[PDB]
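Visitor: Experimental coordinates for this protein are included below, preceded by the sequence.
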Amino acid sequence: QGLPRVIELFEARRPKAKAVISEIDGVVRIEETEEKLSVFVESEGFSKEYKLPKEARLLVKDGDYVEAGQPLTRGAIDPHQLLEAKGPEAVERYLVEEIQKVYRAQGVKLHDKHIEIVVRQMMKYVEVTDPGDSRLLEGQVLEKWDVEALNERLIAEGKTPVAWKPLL
């Protein structure tokens, strides 16, 4: 729960006690009883519906704001799920925060920059969704995808912008 938690944060490994994840937004509206809690949020066209073990706390009844990657089963959020849940920008703000929190506990205090560098490095690669020159499902650096679009649009005529998917 000290150094190990830090490891789990930098290694992006699956959290110790997973606590599910939220996908879409709308008004928080969860069910009540049943083994499978029959959540039903809202928004436009969508809804909600999950499935976790018995022991779990919610912290939010039917009323307010659900958003993406919120307290569901209250605990260690999965960075991998949160990446597709909220986006690359949010993850960078999450990891650094909890990492630094751990160091804050044991009285040693380092600037956030140092952490921010590493966490930025854990987000350089992205997996291919749409092919045009190389293959899909391919691990690749984001900045390398910069020249793809930049050169094919500003200098070339190949209007097949390959869609990349953020990869943690």
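Guide: Ah, there it is. Residues are numbered from 1 along each chain as shown.
Visitor: how about the strands in this structure?
Guide: 125-128, 139-141, 164-166 (DSSP state E).
Visitor: Can I get those strands in JSON lines including mean neighbour count?
Guide: The way it works is simple: take the backbone N, C-alpha and C, and place the C-beta from them, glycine included. Formatted as JSON lines, the strands of the chain follow (neighbours: other Cβ atoms under 10 Å):
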{"stretch": "strand 125-128", "mean neighbour count": "17"}
{"stretch": "strand 139-141", "mean neighbour count": "13"}
{"stretch": "strand 164-166", "mean neighbour count": "16"}
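Visitor: Would you mind listing the buried residues in the longest helix seen in the chain?
Guide: Taking DSSP state H as the criterion, the chain has its longest helix at helix 88-105. Neighbour-count burial for helix 88-105, with 16 or more other Cβ atoms under 10 Å as criterion, is recorded at 91, 92, 94, 95, 96, 99, 100, 102.
Visitor: coming back round to it: would you turn the strands of the chain into a markdown table with distance to residue 61?
Guide: What follows is the strands of the chain, written out as a markdown table (distance: least, Cβ to Cβ, whole Å):
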| stretch | distance to residue 61 |
| --- | --- |
| strand 125-128 | 37 |
| strand 139-141 | 42 |
| strand 164-166 | 32 |
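Visitor: Compare those strands and report which one is nearest to residue 66.
Guide: Among the strands of the chain, the nearest to residue 66 by Cβ to Cβ is strand 164-166 (21.9 Å).
Visitor: quick check, distance from the closest one to the centre of its chain.
Guide: Relative to its parent chain, strand 164-166 has a centroid offset of 13 Å by Cα atoms, centre = their mean, to the nearest Å.
Visitor: quick one on the thing from earlier: who are the neighbours of the longest helix of the chain, in terms of helices and strands?
Guide: If contacts are counted by 3 or more Cβ pairs under 8 Å, 6 or more residues apart in numbering; DSSP states H and E, helix 88-105 sits against helix 3-10, helix 79-85, helix 112-121.
Visitor: any chance of those in a markdown table, plus distance to residue 144?
Guide: Output for the helices and strands packed on helix 88-105, formatted as a markdown table (distance: least, Cβ to Cβ, whole Å):
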| stretch | distance to residue 144 |
| --- | --- |
| helix 3-10 | 23 |
| helix 79-85 | 19 |
| helix 112-121 | 15 |
